[PDB]
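When you line the sequence shown up against the deposited numbering, it's residues 2695 to 2882, 2884, 2907 to 2983, in that order. Note that the Cβ used here is the ideal one computed from N, Cα and C, for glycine as well.
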Amino acid sequence: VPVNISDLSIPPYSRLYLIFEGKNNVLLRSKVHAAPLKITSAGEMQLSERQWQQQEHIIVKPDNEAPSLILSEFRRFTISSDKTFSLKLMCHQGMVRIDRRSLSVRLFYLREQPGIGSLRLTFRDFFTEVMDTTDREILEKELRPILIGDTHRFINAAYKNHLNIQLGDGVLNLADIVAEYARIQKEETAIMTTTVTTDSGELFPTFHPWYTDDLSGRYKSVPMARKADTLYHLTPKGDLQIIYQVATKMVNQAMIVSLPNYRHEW
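Below is the structure:
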């Protein structure tokens, strides 16, 4: 039977065969999506390790009241030991987004496999119905006073009993992350950001490094020093981000450098 290549569904533990033609070539580009785990219960629930390893997206749809999730042996990916600095970084990396009754946060973690995974949690019914329209600048400007004042107002009291998540050894509270998102939204009108694309050509050949490889003459140096650790981010949109430390004891900052749409113009 014919299938629409636009959408194919593979059940767990099964195989799908796609018979093609013998002539010409076979050349396709594909994207995979896991089934979003819908959580509609109430009260409390704890998830085994592989339970949150398997599915990469858990969305909670509270029928009458949101439950309280408790992930087990969940080790958060920390680039630093400062909680507030880690939250600021996570918010500046485009990780947290707000849409209608939908707060979505992309939480990373580590595991024994050589590499670190991701897990996106999208809480449905987190903002009050009155704030189900924010897509307009007038509405966000009108809710700005609530952002700078009673931050714990956009979510009604009904959900305020369950407003935190128990990870393996840390606790993440939604109020802090929404507050930091509000703060970054206000300040954009400690962390330095730089944008560069096919520019910063400053006579690279044979000044500092002499000349090696078939390198272009595009010279761009970071402003200050950095620690041995570096963090590379490939945004699902396509932007590329490089995250640098500062190598200062009492001051912990970062110099994020973004190459926009790098996956298409590398």
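Per DSSP, the bridge partner or partners of residue 2972: Here residue 2972 corresponds to residue number 255 of the sequence shown, with the count starting at 1. DSSP output for residue 2972 lists 2909 as bridge partner(s).
Continuous alpha helix (DSSP H) stretch holding residue 2778: start and end: As a working mapping, residue 2778 is identified with position 84 in the sequence shown. That run of the alpha helix (DSSP H) goes 2777-2786.
Inter-residue spacing [alpha-carbon to alpha-carbon] between residue 2969 and residue 2701: Taking the first residue of the sequence shown as 1, we reach residue 2969 at position 252. Taking the first residue of the sequence shown as 1, we reach residue 2701 at position 7. Approximately 46 Å between the Cα atoms of the pair.
Local Cβ density within 10 Å of residue 2927, reported as buried at 16 or more and exposed below that: To locate residue 2927, count along the sequence shown from 1; it is residue 210. It is exposed - the Cβ of residue 2927 has fewer than 16 other Cβ atoms within 10 Å.
Segment contact, 8 Å Cβ cut-off, at least three pairs: the stretch 2823-2835 with the stretch 2857-2869: no
Selected residue, minimal CA-CA separation from residue 2957, among 2978, 2939, 2940: For the purposes of this step, residue 2957 is taken as the residue at position 240 of the sequence shown. Answer by Cα proximity: 2978.
Spatial neighbours of residue 2761 in its chain, beta-carbon cut-off 8 Å, leaving aside the 5 residues before and after: The count along the sequence shown starts at 1 and reaches residue 2761 at position 67. Excluding positions up to five away in sequence, the list reads 2733, 2735, 2736, 2737, 2738, 2739, 2754, 2856.
C-alpha distance - residue 2941 paired with residue 2910, whole-angstrom precision: In the sequence shown, counting from the first residue as 1, residue 2941 sits at position 224. In the sequence shown, counting from the first residue as 1, residue 2910 sits at position 193. The straight-line gap from Cα to Cα measures roughly 13 Å.
Residues near residue 2914 in its chain [Cβ-Cβ closer than 7 Å; skip 5 each side]: As a position in the sequence shown, residue 2914 is number 197, starting the count at 1. Around residue 2914: 2976, 2977.
Validate contact between the stretch 2741-2749 and the stretch 2919-2937 using beta carbons, cut 8 Å, 3 pairs: With a cut-off of 8 Å, the stretch 2919-2937 and the stretch 2741-2749 do not count as touching, because too few Cβ pairs lie within range.
The stretch 2867-2882 touching the stretch 2777-2796, judged by at least three CB pairs closer than 8 Å: Three or more pairs of CB atoms, one per stretch, sit closer than 8 Å, so the stretch 2867-2882 contacts the stretch 2777-2796.
Residue 2722 to residue 2768 span [Cα, whole Å]: In the sequence shown, residue 2722 corresponds to position 28, counting from 1. In the sequence shown, residue 2768 corresponds to position 74, counting from 1. Within the model, the alpha-carbon separation for residue 2722 versus residue 2768 is close to 36 Å.
Span separating the alpha-carbon of residue 2707 from that of residue 2815: To locate residue 2707, count along the sequence shown from 1; it is residue 13. To locate residue 2815, count along the sequence shown from 1; it is residue 121. Roughly 25 Å between the two C-alpha positions.
Whether residue 2803 touches residue 2770 by CB criterion (8 Å): As a first step, residue 2803 must be located in the sequence shown, where it is residue number 109. As a first step, residue 2770 must be located in the sequence shown, where it is residue number 76. Their beta carbons are under 8 Å apart, which means residue 2803 touches residue 2770 by this criterion.
Residue span of the beta strand (DSSP E) that contains residue 2799, given as start and end: Residue 2799 sits at position 105 when you count from the first residue of the sequence shown. Unbroken beta strand (DSSP E) run through residue 2799: 2796-2804.
Closest by C-alpha distance to residue 2730, when choosing among 2817, 2766, 2964, 2757: For the purposes of this step, residue 2730 is taken as residue 36 along the sequence shown, with counting starting at 1. Taking only the C-alpha atoms, the option nearest residue 2730 is 2817.
Residue burial classification, residue 2849 (beta-carbon count within 10 angstroms, cutoff 16): Position 155 of the sequence shown, counted from the start, is the residue given in the question as residue 2849. Burial state of residue 2849 is buried, judged by a 10 Å Cβ sphere holding 16 or more other Cβ atoms.
Unbroken alpha helix (DSSP H) run spanning residue 2744, endpoints: Taking the first residue of the sequence shown as position 1, residue 2744 is located at position 50. Note, residue 2744: alpha helix (DSSP H), 2743-2748.
Per-residue burial, residue 2825 [other beta carbons within 10 Å of its own, 16 or more giving buried]: Here the question's residue 2825 lines up with position 131 in the sequence shown. Burial call: buried.
Buried versus exposed, by CB contacts within 10 Å (16 or more), residue 2953: As a first step, residue 2953 is located in the sequence shown; it is residue number 236 there, counting from the start. Exposed.
Helix, strand or coil at residue 2835 [DSSP, three-state]: In the sequence shown, counting from the first residue as 1, residue 2835 sits at position 141. In this structure, residue 2835 counts as helix in the three-state DSSP scheme.
Nonlocal neighbours in the same chain, by C-beta distance under 8 Å from residue 2823, ignoring five residues either side: For this step, residue 2823 is matched to residue 129 along the sequence shown. Exclusion of the five residues before and after residue 2823 leaves 2795 as the residues of its chain whose Cβ lies within less than 8 Å of its Cβ.
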